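In: Quick one: experimental structure and sequence below.
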There are 2 protein chains.
Amino acid sequence: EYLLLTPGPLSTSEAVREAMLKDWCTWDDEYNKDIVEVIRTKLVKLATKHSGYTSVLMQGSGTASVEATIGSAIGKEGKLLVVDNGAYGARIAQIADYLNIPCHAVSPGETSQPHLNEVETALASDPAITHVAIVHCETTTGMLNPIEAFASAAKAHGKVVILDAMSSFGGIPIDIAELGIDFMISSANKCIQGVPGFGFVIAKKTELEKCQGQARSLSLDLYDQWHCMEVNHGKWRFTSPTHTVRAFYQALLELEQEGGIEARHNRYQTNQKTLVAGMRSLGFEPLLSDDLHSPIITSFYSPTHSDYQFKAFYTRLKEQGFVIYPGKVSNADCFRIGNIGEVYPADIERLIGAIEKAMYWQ
Amino acid sequence: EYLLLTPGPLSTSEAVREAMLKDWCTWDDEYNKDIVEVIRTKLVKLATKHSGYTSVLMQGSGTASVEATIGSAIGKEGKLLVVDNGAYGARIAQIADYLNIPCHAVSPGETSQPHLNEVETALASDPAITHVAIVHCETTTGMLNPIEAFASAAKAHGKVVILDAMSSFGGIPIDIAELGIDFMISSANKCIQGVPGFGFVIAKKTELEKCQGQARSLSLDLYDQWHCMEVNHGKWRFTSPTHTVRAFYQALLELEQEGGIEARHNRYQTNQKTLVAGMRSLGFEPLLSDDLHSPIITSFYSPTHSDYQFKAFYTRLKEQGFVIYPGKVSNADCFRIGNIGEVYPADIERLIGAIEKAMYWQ
């Protein structure tokens, strides 16, 4: 009915939703081997060309998979270093606080890319740090963080690297082995284009094996979940959201049929650049400078006009068949427009015309 | 294609699965107020006729909602008493161990109902206990535990009562206010007949308010989840499995259209009694004595014949369109047959004939 221009849950294809029409037995080999183990194999190949990697699927929101990683990888005597330049980086610090894990937040500001100066200074002054965490795309602003330079500084200091690639994996090309990522966390419902219900972790097999007996949660026990899936060939310890897992298997086939991540990245990149160009022609201004823009979601400043109201602008756009998203920027009045899911160049063009008609304050 | 005679995920109706064909914006009022807040209101009324109760929906397997309750209700200086007479009772002890919560397991044996003698002795000898936990239906065996006598002994000792009603709520009539249950945990995909993706907690509002700042997990923070849903009217803190939540809204409407829990309980009770009677005519023996049988799932002893093999019996039954379930009994060779979901008397009768044809060892 509406095109969801959100960061996810988003507009999924008909086949992705149609795949949810069958019921599955959680104990049957058709589910565990022919569905789950296929997902697991495909996910590892999508994340790297290299050996030594493995995948774990975890029920719940994507945050639950981020908490599974933090609470399972970090030992009793470990300390976390986080790059917090948005709500998601802050959420990694909040997880650490709940789990009583010593944490050092390196806050570079929401509208600027992390100065690796602060990072290298934290890594040199604080030898107690065992793990470092960074958000690939800060979905709050749509900022693309420099994960390569960051993970390299961490590997140089002999620290474990955790990447929150929730809004980037499947839509931005990355080889986690080459970049030196130890744990890469991502979603079923963002760039891969499945539906929500679970998340996953693609990890270096040697680093995942170290998580055994270190977990702070039974449900979020990364090793125990991984080990059950390994020895029982796809078996989830507790009930898996079967329908959403089948929808994800379909979303993977549609990613292969598009031409993979490189092809999806190009479609996203074109959508985002056409969107920014069209929005600028209508007088809107992006929150970040173009060099910091990700091809996933763009933050735009709310019009300074006294008659402007997000809810009113949002409602007028919904009437035209487009669902935009509110801004999450702490020290800025903003709104966001995602360009992921069933969003194609023709849609972005139809949207720019719809933005124009929804500009009631003109 | 197959009728799933499992404890859940099970055979859902066409309308329950068809409700998953629409995409939802997580931020829209149509989702949060007209879907989520309707689910929440209906769930509290289904659990009690009385005031003072509230509901919380939690992403993940049902275990995640059990862990949310344990880790959020119990304080730093608190101690748990568990009735462990099956894998699910043992799992509540395992959660406590992960969360470093002192725990006293009262193990009455898998084939016998809890002797309230051990319970009352534990409550009199151990004044350090703050909370007590019991499984309503031990799905491992299909045993129906006496929750009334148990919760009364706990209220007498001024302890908080936690009920795992995962396989019983929606199919067995219970008023949690009258029984003195403080936190009742249940599933989206068992007796209510929705699909997996989330679980929920129906709690005494005064007892839930005490959980604030006590949580051991960010994702599993019961108060923080509840408070966001209360002040932001249905809003889930992090991504909710939207499609599965819409499927659950449909499952609630179908529960009302059947005539509620009393009507569903009668259909389950008839299925289970007809099943036990038919299985006995074929020479099979129930694991538990009939007085301990729940109307949800029945455990039967594996035939003593040397030619008998579960996988072979299971495969021959699948061919006839019935999916049975393996046994989870620790000190018994068993199999289970659920009778929940789209299971009607005509199905049980067709199944008894299918059991007969699948008896290859005859």
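Out: Received the coordinates, thanks. Residues are numbered from 1 along each chain as shown, chains lettered A, B, ... in the order given.

In: Please, where are all the strands along chain A?
Out: Secondary structure of chain A by DSSP state E: the strands cover A:3-4, A:53-59, A:80-83, A:103-106, A:131-135, A:137-138, A:143-144, A:160-164, A:183-187, A:198-204, A:297-301, A:322-323, A:325-326, A:334-338.

In: so which of those strands comes closest to residue B:84?
Out: Closest to residue B:84 of those is strand A:53-59 (C-beta to C-beta; 23.8 Å). (Each C-beta comes from the backbone N, C-alpha and C, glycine too.)

In: Adjacent strands (with direction) for the closest one?
Out: strand A:198-204 (antiparallel) (DSSP bridges).

In: could I get the strand it pairs with in PDB with only the CA atoms?
Out: Extracted in PDB, the C-alpha atoms of strand A:198-204 (Å, rounded to 0.1, in the frame of the first residue of the first chain):
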ATOM      1  CA  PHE A 198      16.100 -12.400  14.400                       C
ATOM      2  CA  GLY A 199      19.700 -11.200  13.900                       C
ATOM      3  CA  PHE A 200      23.000 -12.800  13.300                       C
ATOM      4  CA  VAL A 201      26.800 -12.700  14.100                       C
ATOM      5  CA  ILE A 202      29.500 -13.600  11.500                       C
ATOM      6  CA  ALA A 203      32.600 -14.300  13.600                       C
ATOM      7  CA  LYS A 204      36.300 -15.500  13.300                       C
END
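
In: got the contact list for that strand?
Out: Strand A:198-204 has contacts (C-beta atoms under 8 Å, 6 or more residues apart in numbering or on different chains) with A:43-44, A:47-48, A:52-62, A:64-66, A:68-69, A:166, A:176-177, A:181-188, A:222, A:240-241, A:244-245, A:248.

In: Residue A:325 - how many residues pack around it?
Out: Residue A:325 has 22 neighbours, counted by other C-beta atoms under 10 Å in any protein chain shown.

In: Enumerate every residue touching the nearest residue to it once chain neighbours are set aside.
Out: In space, and not counting its chain neighbours, residue A:325 is closest to residue A:336: 4.4 Å by C-beta to C-beta, 6 or more residues apart in numbering or on different chains. Residue A:336 makes contacts with A:7, A:142, A:297-300, A:324-328, as judged by C-beta under 8 Å, 6+ apart.

In: Also residue A:159?
Out: A:81, A:123, A:129-132.

In: now do residue A:298
Out: Each residue near residue A:298 by C-beta under 8 Å, 6+ apart is listed here: A:142, A:272, A:275-276, A:279, A:286-287, A:336-337, A:339.

In: which bits of the stretch 1-150 of chain A sit near chain B?
Out: A:1-2, A:4, A:6, A:8-12, A:17-18, A:20-28, A:59-64, A:67, A:71, A:91, A:94-95, A:98-99 (C-beta under 8 Å from any C-beta of the partner chain).

In: and if we set it to 7 Å?
Out: A:4, A:6, A:9, A:11-12, A:17, A:20-21, A:23-27, A:59-64, A:67, A:94-95, A:98 (C-beta under 7 Å from any C-beta of the partner chain).

In: hmm, which of these are the buried ones?
Out: Buried residues within the residues of the stretch 1-150 of chain A next to chain B, defined by neighbour count using 16 or more other C-beta atoms under 10 Å in any protein chain shown: A:4, A:6, A:9, A:11-12, A:17, A:20, A:23-26, A:59-64, A:67, A:94-95, A:98.

In: Which helix runs longest in chain A?
Out: Taking DSSP state H as the criterion, chain A has its longest helix at helix A:260-281.

In: Just the buried positions in that one, please.
Out: Buried, per 16+ other C-beta under 10 Å, within helix A:260-281: A:261, A:264-265, A:267-269, A:271-276, A:278-279.

In: Could you do stretch A:46-63 as well?
Out: So, applying 16+ other C-beta under 10 Å, buried residues of stretch A:46-63: A:46-48, A:53-63.

In: Can I get the buried residues of helix A:260-281 in JSON lines including distance to chain B?
Out: Listed next are the buried residues of helix A:260-281 as JSON lines, based on distance: C-beta to the nearest C-beta, whole Å:
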{"residue": "A:261", "distance to chain B": "22"}
{"residue": "A:264", "distance to chain B": "19"}
{"residue": "A:265", "distance to chain B": "23"}
{"residue": "A:267", "distance to chain B": "19"}
{"residue": "A:268", "distance to chain B": "18"}
{"residue": "A:269", "distance to chain B": "23"}
{"residue": "A:271", "distance to chain B": "18"}
{"residue": "A:272", "distance to chain B": "20"}
{"residue": "A:273", "distance to chain B": "25"}
{"residue": "A:274", "distance to chain B": "23"}
{"residue": "A:275", "distance to chain B": "18"}
{"residue": "A:276", "distance to chain B": "22"}
{"residue": "A:278", "distance to chain B": "22"}
{"residue": "A:279", "distance to chain B": "20"}
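
In: ok, those vs residue A:194, which is closest?
Out: residue A:264 (13.2 Å).

In: Got the domain ranges for chain A?
Out: Structurally, chain A divides into domains by automatic domain parsing as follows: A:15-256, A:259-357.

In: for those domains, which one sits closest to residue B:255?
Out: domain A:15-256 (17.9 Å).

In: for the closest one, how far is the first residue from the last?
Out: Start to finish, the residues bounding domain A:15-256 are 14 Å apart (C-alpha to C-alpha, to the nearest Å).
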